[PDB]
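Now for the letters of each chain:
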Amino acid sequence: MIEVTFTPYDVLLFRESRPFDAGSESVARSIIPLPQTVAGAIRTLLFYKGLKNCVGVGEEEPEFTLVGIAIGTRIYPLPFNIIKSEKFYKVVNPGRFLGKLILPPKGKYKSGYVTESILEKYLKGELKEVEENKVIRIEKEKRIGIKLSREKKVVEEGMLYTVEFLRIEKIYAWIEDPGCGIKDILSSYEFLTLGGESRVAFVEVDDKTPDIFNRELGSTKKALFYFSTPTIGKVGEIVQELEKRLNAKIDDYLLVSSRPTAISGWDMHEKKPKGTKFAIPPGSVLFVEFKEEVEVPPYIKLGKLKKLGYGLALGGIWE
RNA sequence: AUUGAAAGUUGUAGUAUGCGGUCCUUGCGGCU
Ligand SMILES: [Mg+2]
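Residues numbered from 1 in each chain as written, not as in the entry; some residues may be left out. Chains lettered and ligands numbered in written order. Part of a larger assembly, values for the part shown. Heavy atoms only, no water. Residues with missing side-chain atoms left out of burial classes, pairs and counts.

Method-wise, the PDB entry is recorded as coming from X-ray crystallography, at a reported resolution of 2.096 Å.

A.B. asks: What should I look at first to understand the side chain of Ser284 in this one?
C.D. replies: Position of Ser284 among the secondary structure elements: in the loop between β22 (277-280) and β23 (285-295). Side chain to side chain, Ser284 and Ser257 meet in a polar contact 2.7 Å long. Within polar-contact distance, the side chain of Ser284 engages the backbone oxygen of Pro281 at 2.5 Å. Contacts of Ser284, omitting those with residues within four sequence positions, involve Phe80, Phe225, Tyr226, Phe227, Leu255, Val256 and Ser257. (Helix = DSSP H or I, 4+ residues; strand = E, 2+ residues; numbered from the N terminus. Polar contact = N/O pair within 3.5 Å; in protein donor to acceptor, adjacent residues only side chain to side chain. Contact = heavy atoms within 4.5 Å.)

A.B. asks: Help me out: how do you make sense of helix α3 (residues 116-123) in this one?
C.D. replies: Buried within α3 we find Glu116, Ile118, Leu119, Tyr122 and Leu123. Buried residues of α3, seen end-on, are gathered within an arc of 160 degrees and therefore sit on one face of the element. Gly125, located one to two residues past α3, shows a positive phi value of around 75 degrees. (Buried < 20%, exposed > 50% of the residue type's maximum accessible area, 1.4 Å probe, protein only. Arc of directions from axis to C-beta.)

A.B. asks: How do you make sense of the domain arrangement of chain A when you look at a structure like this?
C.D. replies: Interface size is often expressed as the accessible area that is lost when the parts come together. Splitting chain A by domain gives domain 1 (1-73 + 137-214), domain 2 (74-136) and domain 3 (215-319). Between the C-alpha centres of domain 2 and domain 3 there is a distance of 18 Å. The interface is formed by 17 residues belonging to domain 2 together with 21 residues belonging to domain 3. Contributing elements (two or more residues each) for the side of domain 2 that touches domain 3: β4 (75-77), β8 (100-102) and α3. (Domains from an automatic or database assignment.)

A.B. asks: So what exactly am I meant to see when it comes to the sheet that holds strand β19 (residues 261-263) here?
C.D. replies: Where strands meet in a sheet, backbone hydrogen bonds hold them as pairs that are either parallel or antiparallel. Strand order in the open sheet made by the 3 strands is β17-β22-β19, with antiparallel pairing throughout. The two strands at the open ends of the sheet, each matched to only one other strand, are β17 (231-232) and β19. Across 2 bridges, β17 lies against β22 in antiparallel orientation. Bridging across to β22, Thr231 finds its partner in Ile280. (Pairing = 2+ DSSP bridges.)

Here it is as structure tokens:
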């Protein structure tokens, strides 16, 4: 597995799906980067390097597989079963009622990010709570710009716009290369355009598997699956897929989640927006009670568009 | 082949208008 590290020179824009044309709708608000955007940046580099075989021009997916992405300062969205109570974010474990897994009422969820070490303790079921100071928020930087007339140096009519950028220190991407020679091509490049407004990020590439993908969790009936990237597909099909890949049937499951992630994007091949897809948002947790004990995998890919970085679930246990 | 491409928060704008360092005060006492 190859590990790509993107270091933004300054700011990044991963624009939400909304009109953003000069002289009209003029507000661009960034979201947390979707893995397909990172995949697109890599595919575009290969598209220009002449490796159009691995790109998948006009195709939904490339030949290579983007395992997933993570932002860094490496941090992850607070699991949705972690609820803020006073100055602490408390882990809420599944309960049972009428023979069904439920999450007991303990307050509303508040968004935020935690370090990889805090997530690791969570996945091992050893995390009780997190002090509110260790819960990170992503910094935004709002910039307001204009367009000037060529000669008179005054603002052209209606040419004012606003961008809410993200201030991100690092983005990590992991790629499985079936022999396209991506590691060599990425090594030849120092930087690439990532997201909107022609912002660039420095590129480093190392041949390594992150330790979080190599954890030994043991065997249990009570496994959980933390989605680190958006996961596309019906919950039923995802659970069924999970049953097949682990060769074990499920007694019951509970999806703790939030607002669905709206995913469209821009088709650079056809020069028009991509079709809207809906996904289980990062930070969502699928609690599963298998009928038999399973060896909980450190990570597992689920749902549609796996090669674009979607459906990266991190294994964990609960009691 | 990335909700992507493209867009100078710029142009005009005097820290200025009014305002007394003035009022009260014996170079004197006779001492060292
Ligand atoms: Mg632009």
